[PDB]
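Undergrad: The file below is upload-v6.txt, compact mmCIF, N, CA and C atoms and all ligand atoms:
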```
# COMPACT_ATOMS: atom_id res chain seq x y z
N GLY A 17 -41.98 62.34 -2.11
CA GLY A 17 -41.62 63.64 -2.69
C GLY A 17 -41.85 64.74 -1.71
N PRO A 18 -41.30 65.96 -2.10
CA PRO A 18 -41.26 67.32 -1.48
C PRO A 18 -42.65 67.75 -1.15
N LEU A 19 -42.86 68.19 0.06
CA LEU A 19 -44.23 68.44 0.44
C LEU A 19 -44.72 69.86 0.16
N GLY A 20 -43.86 70.84 0.00
CA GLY A 20 -44.32 72.24 -0.18
C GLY A 20 -45.21 72.41 -1.43
N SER A 21 -46.25 73.23 -1.32
CA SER A 21 -47.11 73.50 -2.51
C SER A 21 -46.42 74.47 -3.56
N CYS A 22 -46.54 74.20 -4.87
CA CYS A 22 -45.95 75.14 -5.80
C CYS A 22 -46.95 76.17 -6.37
N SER A 23 -48.23 76.04 -5.98
CA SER A 23 -49.24 77.02 -6.37
C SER A 23 -48.95 78.39 -5.80
N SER A 24 -49.49 79.42 -6.47
CA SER A 24 -49.35 80.81 -6.03
C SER A 24 -49.92 80.92 -4.61
N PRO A 25 -49.12 81.40 -3.63
CA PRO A 25 -49.73 81.68 -2.36
C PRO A 25 -50.71 82.83 -2.57
N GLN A 26 -51.94 82.68 -2.12
CA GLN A 26 -52.90 83.76 -2.22
C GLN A 26 -53.17 84.35 -0.84
N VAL A 27 -52.14 85.01 -0.30
CA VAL A 27 -52.26 85.76 0.94
C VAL A 27 -53.16 86.96 0.62
N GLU A 28 -54.42 86.86 1.03
CA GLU A 28 -55.42 87.84 0.63
C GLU A 28 -55.25 89.23 1.23
N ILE A 29 -56.10 90.11 0.70
CA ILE A 29 -56.18 91.54 0.94
C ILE A 29 -56.51 91.91 2.39
N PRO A 30 -55.65 92.73 3.03
CA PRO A 30 -56.04 93.38 4.28
C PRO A 30 -56.98 94.54 3.99
N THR A 31 -57.97 94.72 4.85
CA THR A 31 -58.97 95.78 4.67
C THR A 31 -58.99 96.71 5.87
N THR A 32 -58.20 96.37 6.91
CA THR A 32 -57.84 97.36 7.97
C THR A 32 -56.33 97.59 8.11
N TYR A 33 -55.99 98.87 8.68
CA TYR A 33 -54.61 99.29 8.89
C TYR A 33 -54.06 98.81 10.23
N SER A 34 -52.90 98.09 10.15
CA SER A 34 -52.17 97.84 11.43
C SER A 34 -51.45 99.18 11.90
N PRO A 35 -51.13 99.31 13.25
CA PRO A 35 -50.37 100.47 13.75
C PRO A 35 -49.08 100.77 12.96
N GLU A 36 -48.35 99.73 12.58
CA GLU A 36 -47.11 99.75 11.74
C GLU A 36 -47.34 100.55 10.46
N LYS A 37 -48.46 99.99 9.76
CA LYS A 37 -48.86 100.42 8.49
C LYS A 37 -49.27 101.89 8.75
N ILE A 38 -49.97 102.12 9.90
CA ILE A 38 -50.46 103.53 10.12
C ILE A 38 -49.26 104.41 10.42
N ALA A 39 -48.24 103.92 11.16
CA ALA A 39 -47.08 104.79 11.45
C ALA A 39 -46.35 105.03 10.16
N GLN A 40 -46.25 103.96 9.36
CA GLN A 40 -45.54 104.14 8.05
C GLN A 40 -46.24 105.17 7.18
N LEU A 41 -47.56 105.04 7.07
CA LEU A 41 -48.35 106.07 6.34
C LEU A 41 -48.14 107.46 6.86
N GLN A 42 -47.89 107.63 8.17
CA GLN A 42 -47.81 108.95 8.76
C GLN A 42 -46.61 109.71 8.27
N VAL A 43 -45.58 108.97 7.85
CA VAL A 43 -44.41 109.59 7.33
C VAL A 43 -44.78 110.48 6.10
N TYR A 44 -45.70 110.02 5.25
CA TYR A 44 -46.20 110.85 4.09
C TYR A 44 -47.24 111.80 4.49
N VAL A 45 -48.12 111.40 5.41
CA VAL A 45 -49.21 112.33 5.76
C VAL A 45 -48.60 113.65 6.28
N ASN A 46 -47.49 113.57 7.08
CA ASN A 46 -46.94 114.79 7.69
C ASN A 46 -46.75 115.98 6.70
N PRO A 47 -45.96 115.78 5.63
CA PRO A 47 -45.71 116.92 4.75
C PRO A 47 -47.01 117.22 3.95
N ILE A 48 -47.85 116.22 3.74
CA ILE A 48 -49.11 116.43 2.98
C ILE A 48 -50.09 117.30 3.79
N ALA A 49 -50.16 117.10 5.10
CA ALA A 49 -51.01 117.95 5.96
C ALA A 49 -50.45 119.36 6.01
N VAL A 50 -49.11 119.50 6.07
CA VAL A 50 -48.49 120.84 6.01
C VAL A 50 -48.94 121.57 4.71
N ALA A 51 -48.85 120.86 3.58
CA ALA A 51 -49.21 121.46 2.26
C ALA A 51 -50.72 121.80 2.23
N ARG A 52 -51.58 120.89 2.68
CA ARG A 52 -53.05 121.19 2.76
C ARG A 52 -53.33 122.44 3.61
N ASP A 53 -52.71 122.52 4.79
CA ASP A 53 -52.86 123.73 5.60
C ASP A 53 -52.31 124.97 4.93
N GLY A 54 -51.15 124.88 4.30
CA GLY A 54 -50.61 126.05 3.63
C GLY A 54 -51.45 126.52 2.44
N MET A 55 -52.15 125.60 1.77
CA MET A 55 -53.01 125.96 0.64
C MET A 55 -54.20 126.72 1.20
N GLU A 56 -54.71 126.29 2.35
CA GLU A 56 -55.91 126.92 2.93
C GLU A 56 -55.56 128.36 3.38
N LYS A 57 -54.36 128.52 3.95
CA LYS A 57 -54.00 129.81 4.59
C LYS A 57 -53.35 130.75 3.62
N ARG A 58 -52.12 130.45 3.29
CA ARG A 58 -51.31 131.37 2.58
C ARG A 58 -51.73 131.43 1.09
N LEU A 59 -51.88 130.25 0.42
CA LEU A 59 -52.14 130.29 -1.05
C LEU A 59 -53.48 131.01 -1.32
N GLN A 60 -54.50 130.66 -0.56
CA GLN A 60 -55.79 131.34 -0.68
C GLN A 60 -55.62 132.83 -0.73
N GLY A 61 -54.90 133.38 0.23
CA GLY A 61 -54.75 134.83 0.41
C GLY A 61 -53.97 135.42 -0.73
N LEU A 62 -52.97 134.70 -1.21
CA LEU A 62 -52.16 135.18 -2.33
C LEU A 62 -53.02 135.35 -3.58
N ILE A 63 -53.91 134.40 -3.83
CA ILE A 63 -54.86 134.46 -4.98
C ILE A 63 -55.83 135.64 -4.75
N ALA A 64 -56.28 135.76 -3.51
CA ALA A 64 -57.25 136.81 -3.21
C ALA A 64 -56.64 138.20 -3.42
N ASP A 65 -55.36 138.35 -3.07
CA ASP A 65 -54.60 139.58 -3.31
C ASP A 65 -54.12 139.75 -4.75
N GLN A 66 -54.45 138.79 -5.62
CA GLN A 66 -54.04 138.95 -7.01
C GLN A 66 -52.52 139.04 -7.08
N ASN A 67 -51.84 138.37 -6.12
CA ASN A 67 -50.37 138.38 -6.08
C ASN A 67 -49.89 137.19 -6.91
N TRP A 68 -49.82 137.42 -8.21
CA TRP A 68 -49.57 136.31 -9.14
C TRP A 68 -48.13 135.77 -9.09
N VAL A 69 -47.17 136.67 -8.92
CA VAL A 69 -45.75 136.26 -8.83
C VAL A 69 -45.52 135.31 -7.63
N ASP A 70 -46.03 135.69 -6.46
CA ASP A 70 -45.89 134.85 -5.27
C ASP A 70 -46.77 133.64 -5.27
N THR A 71 -47.92 133.72 -5.94
CA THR A 71 -48.71 132.56 -6.21
C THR A 71 -47.84 131.47 -6.94
N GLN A 72 -47.14 131.87 -7.99
CA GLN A 72 -46.40 130.90 -8.76
C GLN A 72 -45.24 130.29 -7.93
N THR A 73 -44.58 131.12 -7.14
CA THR A 73 -43.50 130.62 -6.28
C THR A 73 -44.05 129.68 -5.23
N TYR A 74 -45.23 130.00 -4.71
CA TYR A 74 -45.79 129.12 -3.73
C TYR A 74 -46.00 127.69 -4.31
N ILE A 75 -46.50 127.64 -5.53
CA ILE A 75 -46.80 126.37 -6.19
C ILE A 75 -45.48 125.63 -6.41
N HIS A 76 -44.44 126.34 -6.87
CA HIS A 76 -43.17 125.66 -7.17
C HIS A 76 -42.37 125.28 -5.93
N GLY A 77 -42.53 126.07 -4.89
CA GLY A 77 -41.70 125.84 -3.66
C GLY A 77 -42.42 124.98 -2.64
N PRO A 78 -43.21 125.61 -1.77
CA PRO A 78 -44.07 124.87 -0.81
C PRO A 78 -44.92 123.71 -1.38
N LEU A 79 -45.39 123.78 -2.63
CA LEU A 79 -46.07 122.69 -3.23
C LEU A 79 -45.32 121.85 -4.26
N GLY A 80 -43.98 122.01 -4.34
CA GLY A 80 -43.21 121.46 -5.45
C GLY A 80 -42.98 120.02 -5.24
N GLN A 81 -43.10 119.54 -3.97
CA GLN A 81 -42.93 118.16 -3.68
C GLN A 81 -44.26 117.44 -3.47
N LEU A 82 -45.38 118.11 -3.67
CA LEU A 82 -46.64 117.53 -3.24
C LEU A 82 -47.02 116.35 -4.14
N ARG A 83 -46.69 116.41 -5.43
CA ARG A 83 -47.04 115.26 -6.28
C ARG A 83 -46.31 114.01 -5.77
N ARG A 84 -45.02 114.20 -5.53
CA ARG A 84 -44.16 113.08 -5.11
C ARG A 84 -44.74 112.48 -3.77
N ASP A 85 -45.04 113.35 -2.83
CA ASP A 85 -45.57 112.97 -1.46
C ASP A 85 -46.90 112.22 -1.55
N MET A 86 -47.81 112.73 -2.35
CA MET A 86 -49.13 112.09 -2.47
C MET A 86 -49.04 110.79 -3.21
N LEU A 87 -48.18 110.72 -4.22
CA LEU A 87 -48.01 109.45 -4.90
C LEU A 87 -47.38 108.40 -3.98
N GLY A 88 -46.45 108.82 -3.14
CA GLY A 88 -45.85 107.86 -2.17
C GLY A 88 -46.87 107.42 -1.13
N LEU A 89 -47.68 108.34 -0.60
CA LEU A 89 -48.80 107.98 0.27
C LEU A 89 -49.78 106.98 -0.40
N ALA A 90 -50.31 107.34 -1.59
CA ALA A 90 -51.23 106.50 -2.35
C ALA A 90 -50.79 105.03 -2.50
N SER A 91 -49.56 104.83 -2.99
CA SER A 91 -48.98 103.50 -3.13
C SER A 91 -48.87 102.78 -1.80
N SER A 92 -49.09 103.48 -0.71
CA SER A 92 -48.93 102.83 0.62
C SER A 92 -50.28 102.40 1.19
N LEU A 93 -51.36 102.88 0.60
CA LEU A 93 -52.71 102.59 1.10
C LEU A 93 -53.05 101.12 0.89
N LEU A 94 -54.18 100.73 1.47
CA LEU A 94 -54.82 99.42 1.22
C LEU A 94 -55.06 99.28 -0.28
N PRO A 95 -54.89 98.05 -0.83
CA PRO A 95 -54.89 97.87 -2.29
C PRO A 95 -56.13 98.52 -2.90
N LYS A 96 -57.24 98.34 -2.19
CA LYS A 96 -58.57 98.81 -2.57
C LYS A 96 -58.57 100.30 -2.97
N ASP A 97 -57.70 101.11 -2.34
CA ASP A 97 -57.74 102.60 -2.50
C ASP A 97 -56.53 103.15 -3.27
N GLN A 98 -55.60 102.28 -3.59
CA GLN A 98 -54.36 102.73 -4.22
C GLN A 98 -54.54 103.45 -5.56
N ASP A 99 -55.36 102.91 -6.46
CA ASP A 99 -55.53 103.50 -7.79
C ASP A 99 -56.27 104.84 -7.74
N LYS A 100 -57.39 104.85 -7.00
CA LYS A 100 -58.14 106.07 -6.81
C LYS A 100 -57.27 107.16 -6.18
N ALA A 101 -56.46 106.80 -5.16
CA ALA A 101 -55.61 107.79 -4.55
C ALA A 101 -54.54 108.29 -5.51
N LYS A 102 -53.97 107.41 -6.33
CA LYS A 102 -53.01 107.83 -7.33
C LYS A 102 -53.62 108.79 -8.39
N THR A 103 -54.80 108.42 -8.80
CA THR A 103 -55.51 109.29 -9.78
C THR A 103 -55.76 110.70 -9.17
N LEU A 104 -56.20 110.73 -7.91
CA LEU A 104 -56.38 112.01 -7.21
C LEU A 104 -55.09 112.85 -7.04
N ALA A 105 -53.96 112.18 -6.79
CA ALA A 105 -52.68 112.88 -6.69
C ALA A 105 -52.41 113.58 -8.03
N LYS A 106 -52.68 112.86 -9.11
CA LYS A 106 -52.37 113.40 -10.46
C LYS A 106 -53.33 114.56 -10.81
N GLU A 107 -54.57 114.41 -10.35
CA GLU A 107 -55.59 115.52 -10.52
C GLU A 107 -55.18 116.74 -9.80
N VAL A 108 -54.69 116.61 -8.55
CA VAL A 108 -54.29 117.82 -7.81
C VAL A 108 -53.14 118.51 -8.58
N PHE A 109 -52.12 117.73 -9.00
CA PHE A 109 -51.01 118.29 -9.74
C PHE A 109 -51.55 119.05 -11.00
N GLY A 110 -52.44 118.40 -11.72
CA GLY A 110 -53.06 119.02 -12.90
C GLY A 110 -53.70 120.38 -12.63
N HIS A 111 -54.51 120.46 -11.57
CA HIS A 111 -55.08 121.75 -11.22
C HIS A 111 -54.02 122.77 -10.79
N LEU A 112 -52.96 122.38 -10.06
CA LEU A 112 -51.92 123.31 -9.74
C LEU A 112 -51.20 123.84 -10.98
N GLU A 113 -50.98 122.99 -11.98
CA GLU A 113 -50.40 123.47 -13.26
C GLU A 113 -51.38 124.45 -13.97
N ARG A 114 -52.67 124.18 -13.85
CA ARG A 114 -53.69 125.09 -14.50
C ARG A 114 -53.72 126.38 -13.69
N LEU A 115 -53.64 126.24 -12.36
CA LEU A 115 -53.43 127.40 -11.51
C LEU A 115 -52.24 128.30 -11.84
N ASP A 116 -51.06 127.70 -12.06
CA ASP A 116 -49.84 128.40 -12.41
C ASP A 116 -50.07 129.19 -13.73
N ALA A 117 -50.68 128.51 -14.68
CA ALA A 117 -51.01 129.14 -15.96
C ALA A 117 -52.02 130.29 -15.77
N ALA A 118 -52.95 130.16 -14.85
CA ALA A 118 -53.92 131.27 -14.62
C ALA A 118 -53.20 132.47 -13.99
N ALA A 119 -52.23 132.18 -13.14
CA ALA A 119 -51.44 133.23 -12.53
C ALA A 119 -50.62 133.95 -13.58
N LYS A 120 -50.04 133.19 -14.51
CA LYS A 120 -49.31 133.77 -15.61
C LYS A 120 -50.22 134.70 -16.41
N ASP A 121 -51.49 134.30 -16.51
CA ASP A 121 -52.48 135.07 -17.27
C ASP A 121 -53.21 136.18 -16.49
N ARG A 122 -52.94 136.25 -15.20
CA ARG A 122 -53.48 137.23 -14.27
C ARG A 122 -54.99 137.12 -14.33
N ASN A 123 -55.48 135.87 -14.36
CA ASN A 123 -56.95 135.61 -14.51
C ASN A 123 -57.43 135.09 -13.15
N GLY A 124 -57.89 136.03 -12.32
CA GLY A 124 -58.18 135.67 -10.91
C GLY A 124 -59.41 134.79 -10.87
N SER A 125 -60.37 134.95 -11.80
CA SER A 125 -61.50 133.98 -11.77
C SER A 125 -61.10 132.57 -12.06
N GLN A 126 -60.26 132.42 -13.07
CA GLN A 126 -59.73 131.09 -13.40
C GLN A 126 -58.85 130.54 -12.24
N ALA A 127 -57.99 131.37 -11.66
CA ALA A 127 -57.16 130.95 -10.53
C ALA A 127 -57.99 130.43 -9.37
N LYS A 128 -59.12 131.09 -9.04
CA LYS A 128 -59.91 130.68 -7.89
C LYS A 128 -60.55 129.35 -8.20
N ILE A 129 -61.05 129.16 -9.44
CA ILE A 129 -61.67 127.88 -9.80
C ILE A 129 -60.60 126.74 -9.71
N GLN A 130 -59.40 126.98 -10.22
CA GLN A 130 -58.45 125.88 -10.17
C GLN A 130 -58.04 125.63 -8.73
N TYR A 131 -57.87 126.68 -7.95
CA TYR A 131 -57.59 126.44 -6.52
C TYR A 131 -58.70 125.55 -5.88
N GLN A 132 -59.97 125.90 -6.14
CA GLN A 132 -61.06 125.10 -5.54
C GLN A 132 -61.04 123.65 -6.02
N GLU A 133 -60.86 123.46 -7.31
CA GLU A 133 -60.85 122.12 -7.89
C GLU A 133 -59.62 121.33 -7.29
N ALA A 134 -58.45 121.97 -7.23
CA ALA A 134 -57.29 121.34 -6.58
C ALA A 134 -57.67 120.95 -5.11
N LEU A 135 -58.29 121.86 -4.34
CA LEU A 135 -58.68 121.46 -2.98
C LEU A 135 -59.71 120.40 -2.95
N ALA A 136 -60.72 120.39 -3.86
CA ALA A 136 -61.74 119.35 -3.84
C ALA A 136 -61.07 117.95 -4.06
N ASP A 137 -60.20 117.85 -5.04
CA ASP A 137 -59.57 116.54 -5.29
C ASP A 137 -58.57 116.21 -4.15
N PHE A 138 -57.97 117.25 -3.60
CA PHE A 138 -57.02 116.99 -2.42
C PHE A 138 -57.84 116.41 -1.25
N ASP A 139 -59.01 117.02 -0.97
CA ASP A 139 -59.87 116.56 0.11
C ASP A 139 -60.50 115.21 -0.20
N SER A 140 -60.78 114.93 -1.49
CA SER A 140 -61.17 113.57 -1.85
C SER A 140 -60.13 112.53 -1.47
N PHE A 141 -58.89 112.85 -1.74
CA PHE A 141 -57.73 111.97 -1.48
C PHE A 141 -57.60 111.77 0.02
N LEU A 142 -57.67 112.87 0.76
CA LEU A 142 -57.52 112.82 2.23
C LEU A 142 -58.60 111.98 2.91
N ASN A 143 -59.79 111.92 2.28
CA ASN A 143 -60.92 111.18 2.82
C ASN A 143 -60.71 109.67 2.67
N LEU A 144 -59.67 109.28 1.91
CA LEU A 144 -59.30 107.84 1.83
C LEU A 144 -58.41 107.41 2.98
N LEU A 145 -57.97 108.36 3.79
CA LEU A 145 -57.01 108.04 4.86
C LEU A 145 -57.70 107.44 6.10
N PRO A 146 -57.00 106.59 6.84
CA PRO A 146 -57.66 106.13 8.09
C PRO A 146 -58.09 107.28 9.06
N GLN A 147 -57.48 108.47 8.91
CA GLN A 147 -57.86 109.69 9.67
C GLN A 147 -59.35 110.15 9.47
N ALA A 148 -59.87 109.93 8.25
CA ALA A 148 -61.23 110.36 7.84
C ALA A 148 -62.31 109.31 8.09
N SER A 149 -61.92 108.17 8.66
CA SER A 149 -62.91 107.10 8.95
C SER A 149 -63.20 107.04 10.46
ZN ZN B 1 -59.82 117.49 -10.67
ZN ZN B 2 -44.54 127.32 -13.19
```
Could you express the structure from this file as structure tokens?
TA:
Amino acid sequence: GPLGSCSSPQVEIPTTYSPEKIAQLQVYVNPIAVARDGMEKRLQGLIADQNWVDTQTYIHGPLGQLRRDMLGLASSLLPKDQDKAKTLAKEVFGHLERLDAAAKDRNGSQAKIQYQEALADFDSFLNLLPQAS
């Protein structure tokens, strides 16, 4: 009889990134680093100036693709980090929606807290990258 095994191949978990995998990941990191830098520079200042109208446009425009980008990055990580990274992508989106609502409410204290919480979870996510090790 046929010699091949019919059992599930258990090609186990990689726990380091190959250059391929790292170049592939970089395709998502690029726009995500742009968004992280823009949140630090421009969005911060817009909140500080109580410029609520431009705050909201910033979230919808420059950050409008960030959920999609982070979710694509997350699904590309080592299996070990995929779920945590996905959960963090969803947390950042959540704080940006709470941010947009604070801008609508012209509540600068609430806006600053959601901005900080969005950055804390964004930086948590970024710390899963081979860049932070
Ligand atoms: Zn959060
Ligand atoms: Zn909105």
Undergrad: Mind listing the alpha helix (DSSP H) residues of segment 38-137 of chain A, per DSSP on the backbone, as a PyMOL selection string?
TA: chain A and resi 38-54+60-64+68-76+82-90+95-121+124-137
Undergrad: Taking a cut-off of 7 Å and counting only N, CA and C atoms and all ligand atoms, can you build a table that, for each residue of chain A near ligand ZN 1 (chain B), reports the nearest atom pair and how far apart they are in Å (one decimal), sorted by chain then residue number, as CSV?
TA:
```
residue,atom,partner,partner_atom,distance
A:107,CA,B:ZN1,ZN,4.7
A:108,N,B:ZN1,ZN,5.6
A:111,N,B:ZN1,ZN,6.2
A:133,C,B:ZN1,ZN,5.1
A:134,N,B:ZN1,ZN,5.8
A:136,C,B:ZN1,ZN,6.7
A:137,CA,B:ZN1,ZN,5.5
```
Undergrad: Let me see the file: selected residues, N, CA and C atoms, as a PDB file, in the frame of the given file.
TA:
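The result, stored in again-v7.pdb:
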```
ATOM      1  N   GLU A 107     -54.570 114.410 -10.350  1.00  0.00           N
ATOM      2  CA  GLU A 107     -55.590 115.520 -10.520  1.00  0.00           C
ATOM      3  C   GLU A 107     -55.180 116.740  -9.800  1.00  0.00           C
ATOM      4  N   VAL A 108     -54.690 116.610  -8.550  1.00  0.00           N
ATOM      5  CA  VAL A 108     -54.290 117.820  -7.810  1.00  0.00           C
ATOM      6  C   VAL A 108     -53.140 118.510  -8.580  1.00  0.00           C
ATOM      7  N   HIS A 111     -54.510 120.460 -11.570  1.00  0.00           N
ATOM      8  CA  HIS A 111     -55.080 121.750 -11.220  1.00  0.00           C
ATOM      9  C   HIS A 111     -54.020 122.770 -10.790  1.00  0.00           C
ATOM     10  N   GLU A 133     -60.860 123.460  -7.310  1.00  0.00           N
ATOM     11  CA  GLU A 133     -60.850 122.120  -7.890  1.00  0.00           C
ATOM     12  C   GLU A 133     -59.620 121.330  -7.290  1.00  0.00           C
ATOM     13  N   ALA A 134     -58.450 121.970  -7.230  1.00  0.00           N
ATOM     14  CA  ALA A 134     -57.290 121.340  -6.580  1.00  0.00           C
ATOM     15  C   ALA A 134     -57.670 120.950  -5.110  1.00  0.00           C
ATOM     16  N   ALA A 136     -60.720 120.390  -3.860  1.00  0.00           N
ATOM     17  CA  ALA A 136     -61.740 119.350  -3.840  1.00  0.00           C
ATOM     18  C   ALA A 136     -61.070 117.950  -4.060  1.00  0.00           C
ATOM     19  N   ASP A 137     -60.200 117.850  -5.040  1.00  0.00           N
ATOM     20  CA  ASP A 137     -59.570 116.540  -5.290  1.00  0.00           C
ATOM     21  C   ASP A 137     -58.570 116.210  -4.150  1.00  0.00           C
TER      22      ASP A 137
END
```
Undergrad: Mind giving me the straight-line distance from atom C of residue 44 of chain A to atom C of residue 59 of chain A in Å, one decimal?
TA: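 Between atom C of residue 44 of chain A and atom C of residue 59 of chain A the gap is 21.0 Å.
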Undergrad: Distance cut-off 8 Å, centre (-60.3, 128.2, -16.2) in file coordinates, counting only N, CA and C atoms: which residues qualify? Return them as a PDB file with N, CA and C atoms, in the coordinates of the input.
TA:
```
ATOM      1  N   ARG A 114     -52.670 124.180 -13.850  1.00  0.00           N
ATOM      2  CA  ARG A 114     -53.690 125.090 -14.500  1.00  0.00           C
ATOM      3  C   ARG A 114     -53.720 126.380 -13.690  1.00  0.00           C
ATOM      4  N   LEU A 115     -53.640 126.240 -12.360  1.00  0.00           N
ATOM      5  CA  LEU A 115     -53.430 127.400 -11.510  1.00  0.00           C
ATOM      6  C   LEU A 115     -52.240 128.300 -11.840  1.00  0.00           C
ATOM      7  N   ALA A 118     -52.950 130.160 -14.850  1.00  0.00           N
ATOM      8  CA  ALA A 118     -53.920 131.270 -14.620  1.00  0.00           C
ATOM      9  C   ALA A 118     -53.200 132.470 -13.990  1.00  0.00           C
ATOM     10  N   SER A 125     -60.370 134.950 -11.800  1.00  0.00           N
ATOM     11  CA  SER A 125     -61.500 133.980 -11.770  1.00  0.00           C
ATOM     12  C   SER A 125     -61.100 132.570 -12.060  1.00  0.00           C
ATOM     13  N   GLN A 126     -60.260 132.420 -13.070  1.00  0.00           N
ATOM     14  CA  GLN A 126     -59.730 131.090 -13.400  1.00  0.00           C
ATOM     15  C   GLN A 126     -58.850 130.540 -12.240  1.00  0.00           C
ATOM     16  N   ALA A 127     -57.990 131.370 -11.660  1.00  0.00           N
ATOM     17  CA  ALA A 127     -57.160 130.950 -10.530  1.00  0.00           C
ATOM     18  C   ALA A 127     -57.990 130.430  -9.370  1.00  0.00           C
ATOM     19  N   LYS A 128     -59.120 131.090  -9.040  1.00  0.00           N
ATOM     20  CA  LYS A 128     -59.910 130.680  -7.890  1.00  0.00           C
ATOM     21  C   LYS A 128     -60.550 129.350  -8.200  1.00  0.00           C
ATOM     22  N   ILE A 129     -61.050 129.160  -9.440  1.00  0.00           N
ATOM     23  CA  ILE A 129     -61.670 127.880  -9.800  1.00  0.00           C
ATOM     24  C   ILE A 129     -60.600 126.740  -9.710  1.00  0.00           C
ATOM     25  N   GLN A 130     -59.400 126.980 -10.220  1.00  0.00           N
ATOM     26  CA  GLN A 130     -58.450 125.880 -10.170  1.00  0.00           C
ATOM     27  C   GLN A 130     -58.040 125.630  -8.730  1.00  0.00           C
TER      28      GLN A 130
END
```
Undergrad: Could you please extract the residues within 8 Å of ligand ZN 2 (chain B), counting all atoms listed in the file, and hand them back as a compact mmCIF listing (two decimals) with N, CA and C atoms, in the frame of the given file?
TA:
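And here's selection.txt as it stands now:
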```
# COMPACT_ATOMS: atom_id res chain seq x y z
N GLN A 72 -47.14 131.87 -7.99
CA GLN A 72 -46.40 130.90 -8.76
C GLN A 72 -45.24 130.29 -7.93
N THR A 73 -44.58 131.12 -7.14
CA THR A 73 -43.50 130.62 -6.28
C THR A 73 -44.05 129.68 -5.23
N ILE A 75 -46.50 127.64 -5.53
CA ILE A 75 -46.80 126.37 -6.19
C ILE A 75 -45.48 125.63 -6.41
N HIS A 76 -44.44 126.34 -6.87
CA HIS A 76 -43.17 125.66 -7.17
C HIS A 76 -42.37 125.28 -5.93
N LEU A 112 -52.96 122.38 -10.06
CA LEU A 112 -51.92 123.31 -9.74
C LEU A 112 -51.20 123.84 -10.98
N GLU A 113 -50.98 122.99 -11.98
CA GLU A 113 -50.40 123.47 -13.26
C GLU A 113 -51.38 124.45 -13.97
N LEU A 115 -53.64 126.24 -12.36
CA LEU A 115 -53.43 127.40 -11.51
C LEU A 115 -52.24 128.30 -11.84
N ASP A 116 -51.06 127.70 -12.06
CA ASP A 116 -49.84 128.40 -12.41
C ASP A 116 -50.07 129.19 -13.73
N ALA A 117 -50.68 128.51 -14.68
CA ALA A 117 -51.01 129.14 -15.96
C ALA A 117 -52.02 130.29 -15.77
```
Undergrad: Determine the nearest neighbour of residue 121 of chain A from the options A:143, A:68, A:19, A:105, counting only N, CA and C atoms.
TA: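 Between A:143, A:68, A:19, A:105, the residue approaching residue 121 of chain A most closely is A:68.
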Undergrad: What's around residue 104 of chain A at 8 Å? Count only C-alpha atoms, leave out sequence neighbours fewer than 5 positions away in its own chain, and write the answer as an MDAnalysis selection string.
TA: chainID A and resid 137:138 140:141
Undergrad: Figure out the distance between atom CA of residue 81 of chain A and atom C of residue 120 of chain A, please, to one decimal in Å.
TA: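 Between these atoms lies a distance of 22.1 Å.
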Undergrad: Rounded to one decimal place, report the atom N of residue 110 of chain A-atom C of residue 83 of chain A distance in Å.
TA: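 About the pair atom N of residue 110 of chain A and atom C of residue 83 of chain A: they are 9.6 Å apart.
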Undergrad: Kindly indicate which residue among A:106, A:82, A:88, A:96 lies nearest to residue 51 of chain A, using all atoms listed in the file for the distances.
TA: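 For residue 51 of chain A, the nearest of the candidates is A:82.
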Undergrad: May I ask which of the residues A:17, A:89, A:61, A:123 is the closest one to residue 46 of chain A, counting only C-alpha atoms?
TA: A:89
Undergrad: Write out as a PDB file with N, CA and C atoms, in the coordinates of the input the residues lying within 12 Å of residue 29 of chain A, counting only C-alpha atoms and excluding same-chain residues fewer than 5 positions away.
TA:
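Saved the output as result-v6.pdb:
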```pdb
ATOM      1  N   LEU A  93     -51.360 102.880   0.600  1.00  0.00           N
ATOM      2  CA  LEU A  93     -52.710 102.590   1.100  1.00  0.00           C
ATOM      3  C   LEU A  93     -53.050 101.120   0.890  1.00  0.00           C
ATOM      4  N   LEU A  94     -54.180 100.730   1.470  1.00  0.00           N
ATOM      5  CA  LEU A  94     -54.820  99.420   1.220  1.00  0.00           C
ATOM      6  C   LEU A  94     -55.060  99.280  -0.280  1.00  0.00           C
ATOM      7  N   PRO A  95     -54.890  98.050  -0.830  1.00  0.00           N
ATOM      8  CA  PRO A  95     -54.890  97.870  -2.290  1.00  0.00           C
ATOM      9  C   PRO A  95     -56.130  98.520  -2.900  1.00  0.00           C
ATOM     10  N   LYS A  96     -57.240  98.340  -2.190  1.00  0.00           N
ATOM     11  CA  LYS A  96     -58.570  98.810  -2.570  1.00  0.00           C
ATOM     12  C   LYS A  96     -58.570 100.300  -2.970  1.00  0.00           C
ATOM     13  N   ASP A  97     -57.700 101.110  -2.340  1.00  0.00           N
ATOM     14  CA  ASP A  97     -57.740 102.600  -2.500  1.00  0.00           C
ATOM     15  C   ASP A  97     -56.530 103.150  -3.270  1.00  0.00           C
TER      16      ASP A  97
END
```
Undergrad: For residue 146 of chain A, which of A:33, A:57, A:47, A:74 is the closest residue, counting only N, CA and C atoms?
TA: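 Ranked by minimum distance to residue 146 of chain A, first place goes to A:33.
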Undergrad: Out of A:31, A:91, A:71, A:42, which residue has the shortest atom-to-atom distance to residue 103 of chain A when counting only C-alpha atoms?
TA: A:91
